[PDB]
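A single chain, nothing else alongside it, follows as structure tokens in the form deposited in one PDB entry.
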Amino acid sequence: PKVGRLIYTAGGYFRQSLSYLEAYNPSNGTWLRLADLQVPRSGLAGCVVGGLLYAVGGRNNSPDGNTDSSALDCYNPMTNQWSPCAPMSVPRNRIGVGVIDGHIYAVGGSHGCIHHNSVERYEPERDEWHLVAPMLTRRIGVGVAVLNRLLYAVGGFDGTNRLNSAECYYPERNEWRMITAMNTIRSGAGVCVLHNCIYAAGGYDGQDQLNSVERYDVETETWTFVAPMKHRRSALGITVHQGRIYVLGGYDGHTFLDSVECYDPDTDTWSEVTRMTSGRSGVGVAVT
């Protein structure tokens, strides 16, 4: 059933890091502006656990300085209030996040010139972070998605090399394994899960921003290209709403995009469905 869930976009960057929280209703094409983040945030990730939206990591970059964030903040859509949570062990700009068993996993990202391979897990019930096994590769501008209680970390930049590699985290055994590499080097891609596939959309290959999109089928263990987006974009937001992928904003090599495109896997087609109220990159996005 369609029950009225919305796409939330938190933070982002346009001329400086932003504090916006806005919700898009794909059913009627409307945008609603919600309570601002207390502190502006770009390069963060969003997720939802237990009906709450979490904004994880990122950076505040403006004429008042450039500082990476270890923050975790929680937004309750029922109260339209943000609440601070326990911070992570380290700041993580251009972080990846995924949720397994009601816990938030934060992977990679950067703190100054440090490119993390470390990974930590947040338990909402105890408002506590705990370090788990590190990735095999340092990854900033990494994308993450979860399928059947496995977490995939895809692409990024290791401090020297921009990556086509990907790896999978097995939470019960607390270990990582490299999986098949992508066709394309991508940092700052949008990574999500839809059906049995992990998608990597857009990103930066070291030369250009990308409009290509590829997906990893966890059964056949292959990466296959699907239809490209209309707009090249890196530092895009991505999420899944009612069985379709939505990509929000990003940087195309010239402009900070307000474009939102929607992918239907049944027709293998992208369409532009709306525009954000202002163009931005580096947003955190989730659905509830």
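So that there is no doubt, residue numbering starts at 1 and follows the sequence shown.
The discussion below concerns the form deposited with a small molecule bound, not included here.
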| item | value |
| --- | --- |
| Proximity to the small molecule in the entry with it bound (heavy atom, within 4.5 Å), stretch among 187 to 195, 168 to 176, 145 to 153, 118 to 126 | 187 to 195 |
| Distance check, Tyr204 to the small molecule in the entry with it bound, heavy atom within 4.5 Å | yes |
| Exercise: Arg162 in contact with the small molecule in the entry with it bound, heavy atom 4.5 Å | yes |
| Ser234: touches the small molecule in the entry with it bound, heavy atom cutoff 4.5 angstroms | yes |
| Contact flag, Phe157 vs the small molecule in the entry with it bound, heavy atom cut 4.5 Å | yes |
| Among the candidates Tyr54, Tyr246, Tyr251, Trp223, the residue which, in the entry with it bound, approaches the small molecule to within 4.5 Å (heavy atoms) | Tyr251 |
